[PDB]
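Colleague: Just need the structure, nothing else, for what follows:
(chains A, B, C, D and E)
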Amino acid sequence: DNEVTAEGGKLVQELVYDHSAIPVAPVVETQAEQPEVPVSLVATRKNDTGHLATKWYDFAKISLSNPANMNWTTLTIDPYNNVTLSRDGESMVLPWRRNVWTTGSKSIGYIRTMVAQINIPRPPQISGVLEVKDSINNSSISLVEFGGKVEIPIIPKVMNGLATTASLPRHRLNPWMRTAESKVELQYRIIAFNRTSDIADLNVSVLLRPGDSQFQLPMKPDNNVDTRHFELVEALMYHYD
Amino acid sequence: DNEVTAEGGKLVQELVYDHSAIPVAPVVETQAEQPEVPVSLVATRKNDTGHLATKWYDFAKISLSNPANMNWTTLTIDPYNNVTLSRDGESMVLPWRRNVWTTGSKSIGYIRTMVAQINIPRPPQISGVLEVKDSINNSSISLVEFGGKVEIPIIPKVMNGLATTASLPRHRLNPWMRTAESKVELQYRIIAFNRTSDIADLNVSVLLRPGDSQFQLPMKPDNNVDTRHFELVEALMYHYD
Amino acid sequence: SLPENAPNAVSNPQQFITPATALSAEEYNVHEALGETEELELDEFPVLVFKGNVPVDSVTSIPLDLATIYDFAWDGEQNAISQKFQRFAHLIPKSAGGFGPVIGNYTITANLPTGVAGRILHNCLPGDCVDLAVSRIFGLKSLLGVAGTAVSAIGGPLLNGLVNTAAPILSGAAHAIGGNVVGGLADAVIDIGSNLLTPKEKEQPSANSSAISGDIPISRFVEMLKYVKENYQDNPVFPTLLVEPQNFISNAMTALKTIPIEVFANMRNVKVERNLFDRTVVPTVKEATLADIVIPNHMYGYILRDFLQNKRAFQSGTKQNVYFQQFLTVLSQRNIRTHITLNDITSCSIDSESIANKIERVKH
Amino acid sequence: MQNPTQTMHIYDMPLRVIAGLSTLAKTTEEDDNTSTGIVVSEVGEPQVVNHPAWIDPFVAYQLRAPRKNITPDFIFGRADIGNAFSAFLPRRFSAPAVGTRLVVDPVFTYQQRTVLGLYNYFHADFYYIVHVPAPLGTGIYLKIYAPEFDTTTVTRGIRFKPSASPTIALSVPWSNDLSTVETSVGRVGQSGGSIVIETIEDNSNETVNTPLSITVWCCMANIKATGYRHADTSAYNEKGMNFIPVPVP
Amino acid sequence: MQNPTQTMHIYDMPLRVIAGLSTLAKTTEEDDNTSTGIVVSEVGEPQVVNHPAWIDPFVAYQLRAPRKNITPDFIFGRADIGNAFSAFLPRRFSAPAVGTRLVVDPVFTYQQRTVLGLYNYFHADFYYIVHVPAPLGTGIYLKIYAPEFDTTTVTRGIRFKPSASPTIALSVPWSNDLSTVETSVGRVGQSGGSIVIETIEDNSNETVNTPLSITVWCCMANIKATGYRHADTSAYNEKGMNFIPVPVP
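Modeller: Numbers count the residues shown, from 1 in each chain, chains lettered A, B, ... in the order given. Sharing the structure here:
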C-alpha cells in the first residue's frame, strides 16, 4: 500500500454514460444489459451485442508528446470494414454484418453509439491533460488527466449535424443508420503538458467496447472480410455526376 | 489532489499574534479590525491603518544557502524613510507621516509593532529550518520549516531593552515612540540544512503587513520622500559633543 | 453621513432666493453599496483650497479638482484630500443631492473690519454642465439665474463669514480667565449627524458665526470616481466653485475692488475600494497653484450660442467682447487634442474684429 | 404596457468540460491550503462557484468583491446573453522571470462574438482556472492579482505553491466606473477581465525544465448587452422557407 | 443526464404593429361573412389567432388543417427560434387577370435570417393578412387557396368580396412529407408557405382604376431549427471585453 505513485482519476461513477450497458466490472461469464432506446416509437428486439459489450478490445495506439500547434487530430473508427475489428471468432464486426439498421442512445440529447476508453499509465515525472472531442462538430468535451481513466461515447459521422456531400434525408429524420454507413470518429489534442528530462513519449492505447449500439433487422451472417478491392469506399461516398 | 509535493507547515491558527488585526483571509473590499491597546490608560482614536493592514507588501528577498558560521543576520525595516515602502498611491509610509506618535501591542509581554511573513516554496530535494529572532536582544524565536509559512511580529529597536547611545528616558517609560524613531529589525540564520545535488539556492521573499501598529496625534500629510540629502540619519542617532 | 432632507414644494422666500435644485436626490447611476467606510483621523483636516484676493462684480472660478488639489495651509507634497486619491482607485459617494452625488462641502470665510460692507453670491456647479460655469465667468450670465445660488452678506455689523474652532482638547479649558470657551468641549459633544447648538453658542453669537457654505457635487453618469486624467478632460466630473462679490462700499461711500477671501474644503462623504501599491502613474498634484478648467470638444457650440444671444458681446470696448474675440481665435487654431482650456481664452492674441473672426471659423 | 420579452433556448452547451480536474476542490470543507502554508491569500478563503460550462463545482478566490452590476436600460435594445455559447477556453503560457510580469487577457468563443455583435455595449464577469503541472523537483512560488491602472501597480491577491496545490481558480467580476463599455473600444484605464501572473521565486532542481508552462482556462460568464445596432428594415429570404415547385418535364 | 437547455430573451419586439386594422374581426361572434354572402369558405369558419407581432387578435381561415409538427432531434444541434425577431412584412401586388394566377411567396426579417443561419434544417408556420382597399364602385370577387404540386392544381379555399369585407386573414401551417427541409434548398414539390390569389370576376365601374392593388402582410411564425452548422472551435476576441490600459505620457 506504500509506494510512490501518480495514479488516480475521476472514479467513473462521476462519468455520465450508462454504467449498466457499459459495465464497470462485469461478472466472469455473465452478459451485459440491453441499452436504452432513442425513443419509444422505434422497433425493438433482443440484443445481439450482450457478450460483446463486456470486452474492451485493443484498437489503436496514439503517442502523447509535447504539442507544437493547436490543431486537433481525428481518429476514425469504422466498425464495418476495418481489418482490426474482424479477426476470427468473436470479433466486433459481427453485429454489424447480421443486421440492416443500427442506432445508439439519446441520453445526452443526441445519438451517440460507440464508446472508447483511454487509460493512461504514467511515471511521476510527467503530467498533463488530454482533450477528447465527441465528434468533428462542436460537441461535448472529455478531459483526460494523465494517470487517469475515462470513457467517451462517440457520435456517428452521419449524425454530427454537418451537411456533407452524401447527406441523405433519412440521416436527420430517422434514428436508424443503414449499417455500412455507421463510422464514428473522435478528435483529440494535447491541451496541457509538462515533463522532465526523463520521459518524453507516453504511449497510450485506445480500447473500444461497442456499448449502447442497437440493431433492427436480423439477416443471416454476411462474409467477414472483403479481400477483393479496397476502392469501394470511393464508389460509396463521393458520387460523381 | 494527487501530486508529489513537500508543502505544509503550522496552519496559522496555532501561531500567537492576533488573527483579527492580522487577518488570515480578509474579504475582498473589507477593512481589518482595530488592534488592541498596550494599556487602558493611553490615548485612543480611530485607526488609520485599516485598509493597509489587509495587504502583504513585497519588502526584500533573502537567499537561503548552506550556512558556514553560526552568526545571525540582521534585516533592518525602517518604515519612515525607505524608498521601497513609499512609492505612490497607497504605500506603507502613509500612516507614519500623518501622525506624531506610534505604538504597538503588548499581548506577549512587550511592545511588538510590525509583522513579517516568510513563506517558503521548495522542491522535495531540499529541507531545513530557518530561525528568526524577534529583535537584536534575546527575544522570542520563530522557527520556519522549509516549505512552510509563519508570521513574525517585531519589536522596535527602541524598546529592545539595550542601552544605546540615543537612549531617551521616554523610551523605557512611555509606550509612544515619536514616529521617525520607529525602526524595527529582526535577525535570522539557517539552523538546519540538508540538500541534494539538484538545488542549492532556495530564494524566499519577505512580506510586510503593518499589523497592530497604532497612532496618536493626527497631523496633515507630510511629504513622501526626502530627495535632498541622505546624511540626515547621522545627525539624528549619533550626537557628537 | 451628510443627509438628504426633503424640502417643501414651494421654497419659502425668507430663506431661499432661488427655487430648490430638486425635490429628491439624484442617486441613480451611483453604486453606493460597493465600498467600505474608512474613517481615519487625517480626514478631519480641512484643505485651504483657495486663498487670496478676488475682484468685485466679476465671477471668479475656483476649479475644485480634488484629485490634484493643492493645500495652501500646508507645505507638504500631499494633503488630506489628495492622499485619499493616492491610496485608492475607487471613491464612492455616500449620498446625493439635486445636482449629482455629493462628496464634500466648501466654506468661504473672510475676516473684515466694520468699515466695509458687501455681499457674496456663491454656487458650485457639477462640471457635467460647464457651460453654465463658463457663461457666468465671462459676464454673459449672472449667478442669480441658476438654481442653488445663495446670497450671504459679509459686512459688517454682521457675524457671517467667520471661523471659530475652540481646540479639541479633553480638558475643555475649564480654567479660562474672564470668559467661556464656546462650543469647544465640556459644553456638548454635538454629533456629526445631528445639527444642534451646544448650549453655550445660543447666547454668545459672536462664536456662532452663520457660515457661507455649499456642497461639492460630481456628475450624474459615473458609477464611482476612478481618476484617469485623460478621461476627465473628455467628460469632466469635478465641480467648479463660482464666487461673486457684489457691492462692497467703504465708509467714504466709495466702491471697493479686490477683497480678500479664502476657501476651505473637506471630503468626508466617500467610501473607498481597491487599495493600490507602488503605482507609477499618480494623480500629480500641481505645486503651489491650482488646476485650471477643461472645455471638451462637445461643449463648443454651447459656449458659442451664449455669446450670440448676448447684445453686449457684440459692441466693442466691453469686457464680453474681449473674451468673444479671444474665443473665436482659439477655435481657428490647430488643436491636436480634443479640448481647450480657459487659460487659452485669456492669454490669446487679437484680430479685427468680430465678423471676420467667424467667417474664417466656418471654413476651419 | 411594455413590449414583451422573448426567450431563446440553446440546448446542450458546446465545449463543456464534462471530466474535470481532481486537484480542484469542490467544497470549502475539503480545502485548507490557507491554513498551513500552501496558499497565502489576501482576498479571503475560496467560495464555491457553480457554472454550467464546467461539470463539477469548484472553489474560487474572489479577486474583486462581488457586486450587483447596475445595467442601464433607457436606450433602445437590450439582451441577456447569460452563459449562452459559453466555454472555458485554454491557452498555454510560460512562467515569467522574477522581475517581469505576465498579463492574461480574456477570450471568448465565436458564437458569443456573433450574438453580441448585434449590439453596441456590454458588460460581463469572468472566471479563470490556472493549472501548473509540477513534476518532482518543483519549488515555484507564484503570485496572482488583478491589474488596475498601469504596469507596476500591485493589488491584493493570492500567493501559492504549485507543488502542493497544482490547480487554482479565480473569480473576476466586472468593476468599472462606467457600466456598459463599447465592445470594440472600452474605457481607457479599465480593468476588464485581465489577471496578472508573477513569479516570486524559483527554488527548483537543475533537472526541471524551466521556464515551466502554465495553462489558463478563461470563461466569459454572464453577458448583458445594450444598444440595438443594425437598423435594417429590409426583408430577407432563404430557399428553405419557400415553395419549391416540382420541375415539369 | 442531458446537456442543459439554455434560453435567451429578446425584449420588445421590433416591427410590431401596435395600431391594427379596423376591418379585421377580433372574435368569432363579431364575424358573420360566411352566413349571408360575402365570404364563401370551403375550409370552415375563421378561428382566432393570437400572435405577438400584431397587437390585437384576429380571425383567420385555416387553409390547411392544424397539426402538431414532429421535430426529429437525433442529430447534434437544435433550436427553437419561436416568434423571435418576427414581424408582419408588407408587399404590394396588383390583382391578376381572370385567367392568370398570383403566387405570394413568404418573406422574413434580417434578424431571423441571421440566427437561423446558424443551423441547417428548419420548419415553420406562416400567417397572412390580405387587405384590398375598395373605393366605391368595386365589384371584385377574389379567390385564395394554397398551391400543391404544379401551376394548375386547385384546392379548397375561400372566395370573398372585398367591397364588404376588405381585410381577410389566413393561417398556413407546415405541411410536408419531410419534416425539417434544408433551408436554402427545400424539397422538390413542397408547398412551403405560399398562397395563391386568383381573380374570379371584375364587376367594377369604368371609373375605378383597375388592376386594383393588393397588400399582403406575411409573418413567419414558430421556427424550429435543427443541425448545428459551423464547426468552429477557435476563439474570438473583441476590444470591449479586454483590459485597455491608460496611455502613459
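
Colleague: What segments of the stretch 251-364 of chain C are helices?
Modeller: C:300-308, C:319-331, C:355-359 (DSSP state H, counting those that start in this stretch).

Colleague: got the angle for the first one vs helix C:319-331?
Modeller: Direction vectors for helix C:300-308 and helix C:319-331, defined by axes from the mean of the first three to the mean of the last three CA atoms, to 10 degrees, enclose an angle of 150 degrees.

Colleague: Give the buried residues for helix C:300-308.
Modeller: By 16 or more other CB atoms under 10 Å in any protein chain shown, the buried positions in helix C:300-308 come out as C:300, C:303, C:306-307. From N, CA and C alone the C-beta is placed, and that goes for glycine too.

Colleague: can I get the helices of the stretch 251-364 of chain C in a markdown table with distance to residue E:111?
Modeller: Formatted as a markdown table, the helices of the stretch 251-364 of chain C follow (distance: least, CB to CB, whole Å):
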| stretch | distance to residue E:111 |
| --- | --- |
| helix C:300-308 | 37 |
| helix C:319-331 | 43 |
| helix C:355-359 | 47 |
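
Colleague: Can you tell me which of the buried residues of helix C:300-308 lies closest to residue D:183?
Modeller: Nearest to residue D:183 among the buried residues of helix C:300-308, counting by CB to CB, is residue C:300 at 28.7 Å.

Colleague: Who does the most centrally placed residue in chain C form a beta bridge with?
Modeller: What sits nearest the mean C-alpha location of chain C, by CA atoms, centre = their mean, is residue C:241, with 2.6 Å. Listed beta-bridge partners, residue C:241: residue C:62, residue C:124 (assigned using DSSP bridges).

Colleague: how would you label the residue lying closest to residue D:72 once chain neighbours are set aside: helix, strand or coil?
Modeller: Of all residues not flanking residue D:72 in the chain, residue D:179 sits nearest, at 6.1 Å (CB to CB, 6 or more residues apart in numbering or on different chains). Following DSSP: H, G, I helix; E, B strand; the rest coil, residue D:179 is assigned to coil.

Colleague: Count the residues that sit near the nearest residue to residue D:198 once chain neighbours are set aside.
Modeller: Excluding the flanking residues, the one nearest residue D:198 by CB to CB, 6+ apart is residue D:143, at 4.4 Å. Neighbourhood size, residue D:143 [other CB atoms under 10 Å in any protein chain shown]: 19.

Colleague: so who does residue D:143 touch?
Modeller: D:157-159, D:197-200 (CB atoms under 8 Å, 6 or more residues apart in numbering or on different chains).

Colleague: mind listing the strands for chain A?
Modeller: A:58-63, A:73-77, A:102-103, A:115-119, A:126-133, A:141-145, A:149-153, A:184-195, A:203-207, A:214-215 (DSSP state E).

Colleague: quick revisit: wait, a strand at the residue nearest to residue D:198?
Modeller: Yes. The assignment for residue D:143 by three-state DSSP puts it in a strand.

Colleague: partner residues bridging it?
Modeller: residue D:159, residue D:198.

Colleague: quick one: it from residue B:57, how far?
Modeller: 12 Å (CB to CB, to the nearest Å).

Colleague: Quick check: residue C:16 vs chain B, distance?
Modeller: 35 Å (CB to the nearest CB, to the nearest Å).

Colleague: how close does that residue sit to residue C:257?
Modeller: Per CB to CB, residue C:16 is found 29 Å from residue C:257.

Colleague: and the two? which has more neighbours close in?
Modeller: Neighbours of residue C:16 and residue C:257, each counted by other CB under 10 Å, are more numerous for residue C:16; the result is 16 against 12.

Colleague: Mind checking what secondary structure the more buried one has?
Modeller: Using three-state DSSP, the structure places residue C:16 in coil.

Colleague: Return the backbone torsion pair for residue C:108.
Modeller: Backbone geometry at residue C:108, expressed as degrees, to the nearest 10, gives phi -100, psi 130.

Colleague: Closest residue of chain D to chain A?
Modeller: For chain D, the residue closest to chain A is residue D:133, as judged by CB to the nearest CB, at 3.5 Å.

Colleague: Who are the contact partners of that residue?
Modeller: Residue D:133 makes contact with A:127-128, A:192-194, B:3, D:166, D:213, D:215, according to CB under 8 Å, 6+ apart.

Colleague: Which one, of the strands of chain A, ends up nearest to residue E:193?
Modeller: Among these, strand A:102-103 comes nearest to residue E:193, with 32.6 Å by CB to CB.

Colleague: what pairs with that closest one, and is each one parallel or antiparallel?
Modeller: Looking at strand A:102-103 with DSSP bridges, its partner strands are strand A:214-215 (antiparallel).

Colleague: before we move on, back to that, need the contacts of residue D:143 in TSV (columns: neighbour count).
Modeller: Formatted as TSV, the contacts of residue D:143 follow (neighbours: other CB atoms under 10 Å in any protein chain shown):
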residue	neighbour count
D:157	23
D:158	22
D:159	23
D:197	20
D:198	21
D:199	20
D:200	21
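
Colleague: What is the nearest of these to residue E:174?
Modeller: When the contacts of residue D:143 are compared for distance to residue E:174, the smallest value, 54.5 Å, is given by residue D:197; criterion: CB to CB.

Colleague: Nearest spatial neighbour of the closest one, chain-adjacent residues omitted?
Modeller: Leaving out its chain neighbours, the residue that sits closest to residue D:197 by CB to CB, 6+ apart is residue D:102, at 4.3 Å.

Colleague: How about residue D:176?
Modeller: If the residues on either side of it in the chain are set aside, residue D:176 comes closest to residue D:190, at 5.3 Å by CB to CB, 6+ apart.

Colleague: Isn't the one you found up against residue D:180?
Modeller: No. Assessed by CB atoms under 8 Å, residue D:190 is found out of contact with residue D:180, at 11.9 Å.

Colleague: interface residues of chain A facing chain B?
Modeller: Proximity of chain A to chain B is confined to A:4, A:6-8, A:124, A:127, A:147 under the rule CB under 8 Å from any CB of the partner chain.

Colleague: Close to chain D: what parts of chain C are there?
Modeller: So chain C meets chain D at C:29, C:31, C:33-34, C:89-90, C:221-226, C:228, C:230-231, C:273-281 (CB under 8 Å from any CB).

Colleague: What about these, which are in strands?
Modeller: Among the residues of chain C next to chain D, DSSP E puts C:89-90, C:273-275 in strands.

Colleague: Can you tell me which of these is nearest chain E?
Modeller: residue C:89 (11.6 Å).

Colleague: who's in contact with that closest one?
Modeller: Contacts for residue C:89 were tallied using CB under 8 Å, 6+ apart; they are C:226, C:273-276, D:148-149.

Colleague: would JSON lines of those with distance to chain E be doable?
Modeller: Formatted as JSON lines, the contacts of residue C:89 follow (distance: CB to the nearest CB, whole Å):
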{"residue": "C:226", "distance to chain E": "10"}
{"residue": "C:273", "distance to chain E": "18"}
{"residue": "C:274", "distance to chain E": "14"}
{"residue": "C:275", "distance to chain E": "18"}
{"residue": "C:276", "distance to chain E": "13"}
{"residue": "D:148", "distance to chain E": "10"}
{"residue": "D:149", "distance to chain E": "6"}
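
Colleague: Filtering those by proximity to chain A, which remain?
Modeller: Contacts with chain A within those, counted by CB under 8 Å from any CB: none were found.

Colleague: so what's the residue nearest to the centre of chain C up against?
Modeller: C:50, C:61-64, C:106, C:122-124, C:214, C:263.

Colleague: same thing but 7 Å
Modeller: By CB atoms under 7 Å, 6 or more residues apart in numbering or on different chains, the contact set of residue C:241 is C:62, C:64, C:106, C:124, C:263.

Colleague: Next: residue D:9.
Modeller: Counting by CB under 7 Å, 6+ apart, residue D:9 touches E:5-7, E:80.

Colleague: Excluding sequence neighbours, find me the nearest residue to the residue in chain C positioned nearest to chain E.
Modeller: Closest to chain E within chain C is residue C:228: 5.4 Å, counting by CB to the nearest CB. Distance criterion CB to CB, 6+ apart; nearest residue to residue C:228, sequence neighbours excluded, is residue D:189 at 4.2 Å.
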